[PDB]
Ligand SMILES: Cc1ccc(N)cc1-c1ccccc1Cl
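Okay, so here's just one chain, in structure tokens, the form solved without the named molecule.
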């Protein structure tokens, strides 16, 4: 089970696609809800995501059908299409998923933030870094629900530098576009969701705390954080979860004025990647880094909760550290950082010492020597 949020608010979830095209925005929204008696949210909601994950793993497409069978009915503890909790303006996180992932696979993070009173927009990227995604060829197709699928692109070694950088720039643009869509919905523009879901977007009107915007992401999503910050000053801080720095151009490093927080796993990181992170540091800029002891790259994504302890450790979905323990540390430290740099008046400053890695399961900075 993906854990429930630790915060006081109940949590809702819905999908938004606008426009309907491959250049439109597609995101999963997690938000504070009133109602707690709705059906839980289907975790991986289409069979084509399993086909996607199979290609991503480099296995026979039929392995996809087996993944579906195992995980296809699994839910995540968010009330599907619940009404938004009214009467308060919520800060906004835009969340960027990793390579081979998609929008639904960071619900532990998204649910927890929402339970503390954030609205989380987990984008689905159309850069072919997602295992799968979908969109509609034109208006007719969107009405009848005729989905077109776009699958992960496998690169040759000689495309890697160029293409990963093209993708990270597109990802940043998709983050910025998602932000503008949400802010517009906040500013009351009618938007016809391309998905026919029973969630009236008009509830979102005047529900966003417009200047309290942050961007968060895992791995490829962590680079996306950094690109996004250096492209859109509307984002006031970033949190990179085990950032994979390779996609970034040499230009961006000196070009990130906003506070930035690296939350790393113990076993993923390596000198080349750490050196690139330290290239973001300048005396005039706010930068924090912590390393979660006994953790692996996958501790930040939902599949760390989807299998048993033994199978999970074997597949490097789980580390030596308990997955709930690990994600609690990442989430609580994130909340403290956000409160600090968005100027929130909540109680997240109780976790301030975790930003400093002052905990028996944290390492201040990094374990990697460079």
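Positions refer to the first chain, counted from 1.
Not on display, but discussed next: the form deposited with the named molecule bound.
This chain is drawn without the named molecule; in the bound PDB entry, the residue among 207, 230, 298, 82 with a heavy atom within 4.5 Å of it is 298. Contact annotation: of the candidates 324, 307, 46, 65, the single residue with a non-hydrogen atom within 4.5 angstroms of the named molecule in the bound PDB entry is 307. Taking the partner from elsewhere, residue 42 is found to have every heavy atom lying beyond 4.5 Å of the named molecule in the bound PDB entry. In the bound PDB entry, no heavy atom of residue 336 sits within 4.5 Å of the named molecule. Taking non-hydrogen atoms only, residue 53 approaches the named molecule to within 4.5 angstroms in the bound PDB entry.
Within 4.5 Å of some heavy atom of the named molecule in the bound PDB entry lies at least one heavy atom of residue 317. Residues placing heavy atoms within 4.5 Å of the named molecule in the bound PDB entry fall in a single listed stretch, namely 65-73, out of 327-335, 65-73, 341-349, 28-36.
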